[PDB]
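Single chain ahead, written as structure tokens, the form deposited in one PDB entry.
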């Protein structure tokens, strides 16, 4: 059975289980069950399932080289699908809440969930909470008897926490750290001294890399009972490298990819985000260019946004991106070679993850 069809079939199974349990144990009525079914479909479906399918693909790699009964292969693949959906539902939680936090308009070609007429922010904040709860309901039901349950839940909660910490780093990245204060309204930085590579790398590591790359790779190892057969420091290092490249791509697309293709209007400039474009521009600009950037960044005024995008263009940041990409290729290939010492099979799964990321 092809992997994607198995993954989608398991979605239907998990949805049916969750909604039936709401009826049998939480006294839910049919109309609220329908609302939650639509909420689940709208928030969890429609992406590429990169994260969830990485769990399945890692598990498939070990199945190809490991002796198992057929029923065990089926069990492991079912577990990989459930675990993949745990990650997809975690992402769905963060996208629902982040779109509210940021006042976002569109996602995946459609209105953000909180903007649906019958949802509103009052319901959507709680819907996001339910999405996160469902990740745990899934795990306890499907993995109740599994040897990896404790490790999986502990990993999942640390990744969730890291992601929340990363969200804090992201939403505060345009303020001066020494002025953070719940009592005082926060002004945007004027000096942009905290727009550095090291600070950017911290934002991305926590806000994206743990849940997008580390969690799927390690969950795939756990459902395969294969974690002891890799060097976990290498898994972390390669996750944090590929995840950074993934975010840099997304940063470049926020500014330069046409909205029809991105699925939304990018607003990183207006939001004064610490993006790869802004850090790299500030790393090569002259004084006059720095001053013009400062005079126009972080403003909803479209003329000011056009100034910034013009500065980025004239700064030939496409050349910095090519240099950055070539260095990532060097380092990822090096880490893949190191992974081969202990697990050639896992190294190949990582190579696939990199290829998919590099060519998306």
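Residue numbers count along the first chain shown, from 1.
The stretch with the higher mean CA B factor, choosing between 351-359 and 4-12, is 351-359. Judged by mean Cα B factor in the deposited record, 253-261 ranks above the other of 253-261 and 101-109. For the set 170, 79, 127, 270, the PDB entry puts the maximum C-alpha B factor at 270.
Across the residues 298, 47, 61, 52, the deposited record lists the maximum Cα B factor for 298. Among the modelled residues of the chain, residue 247 sits in the middle third by CA temperature factor in this PDB entry.
Ranked by Cα temperature factor within the chain, residue 88 sits in the lowest third according to the deposited record. Among all modelled residues in this chain, the alpha-carbon of residue 160 has a temperature factor (C-alpha) in the lowest third. Annotation for residue 188: C-alpha temperature factor in the middle third relative to the rest of the modelled chain, per the entry.
When the modelled residues of the chain are ordered by C-alpha B-factor, residue 31 sits in the middle third.
Another form, the form solved in complex with a small molecule, is not on view; read the next lines as being about it.
Taking the partner from the other structure, the small molecule in the deposited complex has no heavy atom within 4.5 Å of any heavy atom of residue 146.
Taking the partner from elsewhere, residue 238 is found to have every heavy atom lying beyond 4.5 Å of the small molecule in the deposited complex. Interface residue remark: residue 323 is counted as part of the site for the small molecule in the deposited complex, having a heavy atom within 4.5 Å. Looking at residue 200, you'd find a heavy atom of it within 4.5 angstroms of the small molecule in the deposited complex.
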